[PDB]
Every structure is written in C-alpha cells, then in structure tokens.
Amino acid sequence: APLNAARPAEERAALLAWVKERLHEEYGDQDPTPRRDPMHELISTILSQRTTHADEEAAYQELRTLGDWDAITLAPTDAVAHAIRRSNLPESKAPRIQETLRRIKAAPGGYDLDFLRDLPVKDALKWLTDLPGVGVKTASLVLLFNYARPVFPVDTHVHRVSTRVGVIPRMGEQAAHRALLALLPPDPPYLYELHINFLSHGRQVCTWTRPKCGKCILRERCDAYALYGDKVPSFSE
C-alpha cells in the first residue's frame, strides 16, 4: 500500500479534490478568514509576523489613528513604530510598512491595487512579493480574495493538513504554494472554498498538536493516520 505522498501528481490531485469535497460537506461555505480589503490585508500581514491575532488587530487600528495611508507614509518612523508597538518588534516593521505604502502610492491608481486585476498572474504575484514584509502567502491571499485570481494561499493550516494527508510530500511553505496550485484547477471560487475549509479543519480537527483523527472526515485516506493511528505527532520542522 503506497503512501499518498509518493503517488503520481494526477493521483494526488484526485485525492485533493476528494479532500475538498469532504471538507465542503463538513463545513459548507463557512469562512474563518478575515476577508479584509486589499490595503488592510497587506499591512495587517506585515504587523502579523511573530504576533498574535488580538495584538495585530490592535496594532493595525492604532496605526490607523495616525491618519490615512498618505499621512502614515509621511509620519516620522518614530511615530509609526510606537503606534504598532503591540506587534512583533515594531522597530523593524515600521519601515517596511512605510516603504510598502510608498511603493503602492507610486503605482497607477490611488492607495488601491485595481491593476492587479487584469495583470498576468505571475507578474501580479512578483509585484506583491517584491514588497517588504509581504510573502507569497499574503500576495496569494490578496490576489485570490480581493481580485479573484487563480492562486492558492497556503497558511500553516493548509500546509499541515495537506502534508499529513499526503497530497504533497514534506517541503517548505513557499514551495508548497506552487506544489498545491499545480494540483488545482484555475477556479478562484473553488480555490477560496478549499482554502477556508482547510482553515476550519485545521483549527477544529487537524490541530497542530493532538489532532482529533477520530472525528476527522479524511481519516481513511490520511497518510498520517495510516502511519501513526492515534499518535499523529505535532507538525514539525
């Protein structure tokens, strides 16, 4: 009996579409994501590096008390750093934010990313990942959620469930963005449902430590259960 992770890409894509159908029945069109507007999502991410959810939201809203975006680009970095002080090491985050805002204003349009809509996917991605503090996961999130482009953001929840099941072998999170997208159709609503359903399943069942495999709708095709049964270890390295 071969593990899922060693199976051909075509077999692993059939597996992932089965996974998506099962998660759709457990969770439907349920959405545990922030669903923010583009500028909010981008800046939030920068503030949300080595930082809890409650502290990032607090850091974002106090940031926005400095003024609108144009005011934050011009506010002295001392003021920006003190406002976001409840996030991860505000000294480093404050310049990345200012520079990101600066580079967005210079783009065609106001503090808005209307051009990412009708741009080649690879090019839209590369433009966001060139912004300081923005990685492929945040760029994929903004492109999928706000502009309905066919990209698939892979957060820790998505990465953990998909790896444990064996839809992909173990690899870095950035490499997993290309690997899973390669198994998926260019169908933005499909990708967004798949994403939010992974978040629900990772938060509720396939948890970082002690997953609840006995309540898991995927257990019968899960590599991790096949290997460890009731003793699936914490998602490591």
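Position 1 is the first residue in the sequence shown; the rest follow in order.
The deposited model assigns a higher average Cα B-factor to 49 to 57 than to the other stretch when 49 to 57 and 174 to 182 are compared. When 149 to 157 is weighed against 112 to 120, 112 to 120 comes out higher, by mean CA B-factor as recorded in the entry. Of the residues listed, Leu125, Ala83, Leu141, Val167, the entry assigns the biggest Cα temperature factor to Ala83.
Among all modelled residues in its chain, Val232 ranks in the lowest third by Cα B-factor.
When the modelled residues of the chain are ordered by their C-alpha B factor, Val136 lands in the lowest third. The entry lists a Cα temperature factor for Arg64 that places it in the middle third of the chain's modelled residues. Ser44: CA B factor in the highest third of modelled residues in this chain (values from the PDB entry). Ranked by Cα temperature factor within the chain, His201 sits in the lowest third according to the deposited record.
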